[PDB]
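Report on the following structure.
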Amino acid sequence: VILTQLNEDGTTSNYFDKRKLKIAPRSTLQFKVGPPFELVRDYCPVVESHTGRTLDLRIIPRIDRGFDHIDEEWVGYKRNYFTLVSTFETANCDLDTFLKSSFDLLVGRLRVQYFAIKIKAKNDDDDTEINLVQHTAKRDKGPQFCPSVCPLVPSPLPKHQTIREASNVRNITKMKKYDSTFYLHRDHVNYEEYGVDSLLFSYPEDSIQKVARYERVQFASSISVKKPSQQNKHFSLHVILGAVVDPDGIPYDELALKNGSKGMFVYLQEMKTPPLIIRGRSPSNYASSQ
DNA sequence: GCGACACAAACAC
DNA sequence: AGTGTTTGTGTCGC
């Protein structure tokens, strides 16, 4: 009924089938590590502006809620939240140096203003994009929004336990204890240590996330989870690392820039999950029917 | 099959 | 130790 795997940090992931077993909404058993991500590809090379040294990049993603490993499939529920978190790392460049440097895209060089992550859902069989929606903790009593592009600086990915503990914190003292894990406050650095052209100072806002945290995410409510044959559709969640540049023939999305003009989110790397099954609202997807 | 509303159970404090 | 919060899912009604 419950299959348990030991996580990297010593917590457990407890996989169970909601067709057979109903667990409380807030039980820690709803938190678990989801499917591992795999490289789709690398795109545009990035180089440090004087040395010309290639910046090596790696997305570090994990799902921390919403997916169970049930007999060789990864299974989510349309009605329920998932959590997807990601950082990235630069194996050849320590953070302190990285933030003081400046970087170009090797397409012919476009200056990187900042690095950012976006997420996407796709039909894994035909590459069609599927809309995602997020809620706040207030859910129907608050706004719905689509996942946004998240400016980020390189950081280790927090342990599963940490994501779990920070999920619904309000108290100011607890927030202070997690602040350094999730944010860099540019306004608190010594400005005199930085050149005008430094990467840190072309980020759009003073509060810069170290971790992209997409919580309370769902597939759009209109998504069809079965094919006409009644076979399950296969979905996949994608994490894309990009460099945002000022465009004033490679893969990119347009981005609503800070000053208001047309910006470019140039793809650097993309990872994705293996195929995912999503269970819809049918009564037979729930243990109540039995 | 979807939007809305309701109930309930463990969490956060 | 009690109050209000968060989120899985039961249900209505179109």
Side-chain angles (χ1 to χ4, degrees), chain A residues 1-4 7 9-35 62-70 73-85 119 121 123 128-147 158-169 171-179 181-182 213-235 237 276-290:
Chain A
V1 178
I2 299 170
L3 286 160
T4 297
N7 298 330
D9 67 353
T11 55
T12 52
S13 296
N14 303 276
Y15 302 123
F16 64 94
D17 193 329
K18 291 173 152 76
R19 292 166 158 176
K20 310 191 183 166
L21 175 61
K22 180 162 124 183
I23 293 295
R26 302 297 301 280
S27 166
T28 62
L29 303 179
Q30 306 287 359
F31 280 112
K32 62 204 76 181
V33 174
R62 193 180 60 232
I63 287 166
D64 279 320
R65 187 182 191 88
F67 290 87
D68 289 88
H69 204 192
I70 303 301
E73 317 188 299
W74 284 101
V75 182
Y77 271 67
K78 191 183 185 174
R79 296 198 71 197
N80 301 349
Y81 291 161
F82 72 88
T83 285
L84 192 168
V85 299
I119 65 160
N123 180 324
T128 287
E129 179 157 4
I130 279 107
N131 288 327
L132 294 175
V133 304
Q134 274 179 281
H135 286 83
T136 67
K138 300 298 180 222
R139 195 166 66 188
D140 291 352
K141 291 191 168 213
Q144 331 193 345
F145 51 105
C146 314
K159 298 164 165 210
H160 177 73
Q161 195 184 340
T162 298
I163 298 308
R164 189 188 282 189
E165 289 166 357
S167 57
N168 284 294
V169 164
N171 183 253
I172 312 314
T173 306
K174 271 256 175 123
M175 211 92 74
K176 279 173 163 166
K177 114 185 222 159
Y178 290 114
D179 181 75
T181 297
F182 295 112
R213 261 196 307 172
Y214 298 96
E215 304 179 273
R216 318 192 177 78
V217 200
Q218 280 170 275
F219 295 81
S221 59
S222 63
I223 72 142
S224 151
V225 301
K226 292 197 173 282
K227 306 183 178 181
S229 62
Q230 313 189 60
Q231 295 173 221
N232 293 314
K233 286 204 190 171
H234 298 108
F235 299 98
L237 289 160
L276 313 168
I277 301 315
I278 302 301
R279 301 242 185 103
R281 296 181 64 173
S282 171
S284 72
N285 288 325
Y286 292 95
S288 58
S289 65
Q290 310 299 335

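Within every chain, numbering begins at 1; the chains are lettered A, B, ... in the order of the sequence lines, protein sequences first and strands thereafter. Computation of the quantities below employed the complete heavy-atom set of this structure, encompassing side-chain atoms and omitting hydrogens, waters and symmetry-equivalent molecules.
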* Asked: Hey, is the side chain of A/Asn80 poking within less than 4.0 Å of OP1 or OP2 on C/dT9, counting only N and O atoms?
  -> yes

* **Nearest-Å distance for atom pair CZ/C1', residues A/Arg164 and B/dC11** => 13 Å

* How about A/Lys226: does its NZ atom have over 12 heavy atoms from other parts shown lying under 6.0 Å from it? -> yes

* How would you list, by chain and number, every residue that makes a side chain to side chain donor-acceptor pair (under 3.5 Å) with A/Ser282, sequence neighbours excluded? -> A/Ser284

* To do: Output all residues satisfying side chain to side chain donor-acceptor pair (under 3.5 Å) with A/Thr128, sequence neighbours left out; order by chain, then residue number.
  => A/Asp126

* Using heavy atoms to find the nearest nucleotide of DNA chain B for A/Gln144 and A/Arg26 separately, return the residue whose nucleotide is more 5′. => A/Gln144

* To do: Would you please name every residue forming a side-chain contact (heavy atoms from CB on, under 4.5 Å) with A/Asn14, sequence neighbours left out?
  => A/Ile2, A/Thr4, A/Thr12, A/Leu29

* To do: Please determine, by modelled atom types, if A/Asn232 and A/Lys227 share a side-chain donor-acceptor pair under 3.5 angstrom.
  => no

* Between C/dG8, B/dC13, C/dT6, spot the one nearest the side chain of A/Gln30, thanks. => C/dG8

* **side-chain contact (heavy atoms from CB on, under 4.5 Å) partners of A/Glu129, counting only residues at least two apart** => A/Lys120

* Asked: Closer than 4.0 Å, any side-chain N/O of A/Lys174 to the OP1 or OP2 of B/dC13?
  -> yes

* Asked: Which pairs pass salt bridge (charged side-chain N to carboxylate O under 4.0 Å, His left out) with one or both residues in residues 136-145 of chain A, sequence neighbours excluded?
  -> none

* Asked: Nearest-Å distance, CG (A/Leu21) to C1' (C/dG8)?
  -> 12 Å

* Toward the 5' end of DNA chain B, which comes first, A/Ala24 or A/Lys78, by nearest nucleotide? -> A/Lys78

* Which residues in residues 278-290 of chain A have at least one heavy atom lying under 4.0 Å from any atom of DNA chain C? -> A/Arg281, A/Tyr286, A/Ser288

* Side-chain donor/acceptor contact of A/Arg216 with base of C/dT6 under 3.5 Å -> no

* Structure fact -> In this structure, CD of A/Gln30 is separated from OG1 of A/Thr83 (nearest 0.5 Å) by 11.5 Å

* Structure fact -> Across all chains, not counting sequence neighbours, the ring-ring contact (aromatic ring centres under 6.0 Å, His included) partners of A/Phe235 are A/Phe219

* **Proximity to the side chain of A/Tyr81 - top-ranked nucleotide from C/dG8, B/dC13, B/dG3** => C/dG8

Which atom pairs link the protein and nucleotides 6-8 of chain B when you take only N or O atoms and keep those under 3.5 Å?
residue: B/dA6; atom: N6; partner: A/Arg139; partner atom: NH2; Å: 3.3

* Asked: Closer than 4.0 Å, any side-chain N/O of A/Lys138 to the OP1 or OP2 of C/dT6?
  -> yes

* **Six-ring centre of A/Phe31, A/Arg65 cation under 6.0 angstrom, axis tolerance 45°** => yes

* In whole angstrom, what separates A/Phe16's CZ from C/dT9's P? -> 7 Å

* To do: Identify whether any heavy atom of A/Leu29 sits under 4.0 Å from a base atom; if not, whether one sits that close to sugar-phosphate; answer base, sugar-phosphate or nothing.
  => nothing

* In whole angstroms, how far is the P atom of B/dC2 from the CZ atom of A/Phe219? -> 14 Å

* For A/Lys141 and C/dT7, what is the distance between atoms NZ and P respectively, to the nearest whole Å? -> 15 Å

* Sequence neighbours left out, what passes side-chain contact (heavy atoms from CB on, under 4.5 Å) with A/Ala24? Give chain and number order. => A/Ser27

* Taking only the side-chain nitrogens and oxygens of A/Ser222, find out if one of them lies under 4.0 Å from OP1 or OP2 of B/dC2. => no

* To do: Can you tell me the distance, in whole Å, between the NZ atom of A/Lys177 and the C1' atom of B/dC13?
  => 14 Å

* Asked: With sequence neighbours left out, what residues match A/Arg19 under side chain to side chain donor-acceptor pair (under 3.5 Å)?
  -> A/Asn285

* Is any side-chain nitrogen or oxygen of A/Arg65 closer than 4.0 Å to OP1 or OP2 of C/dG8? -> yes

* Structure fact -> Taken to the nearest whole Å, CD/A/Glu165 to P/B/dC11 is 13 Å

* To do: Round to the nearest Å and state the distance from A/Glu215 atom CD to C/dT5 atom P.
  => 19 Å

Find every protein N or O atom lying less than 3.5 Å from an N or O atom of nucleotides 1-3 of chain C, and list the pairs.
none

* **Contacts of type side chain to side chain donor-acceptor pair (under 3.5 Å), residue A/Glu165, not counting sequence neighbours** => A/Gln161, A/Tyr178

* Residue met sooner reading DNA chain C from 5', once A/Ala137 and A/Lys22 are mapped to nucleotides -> A/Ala137

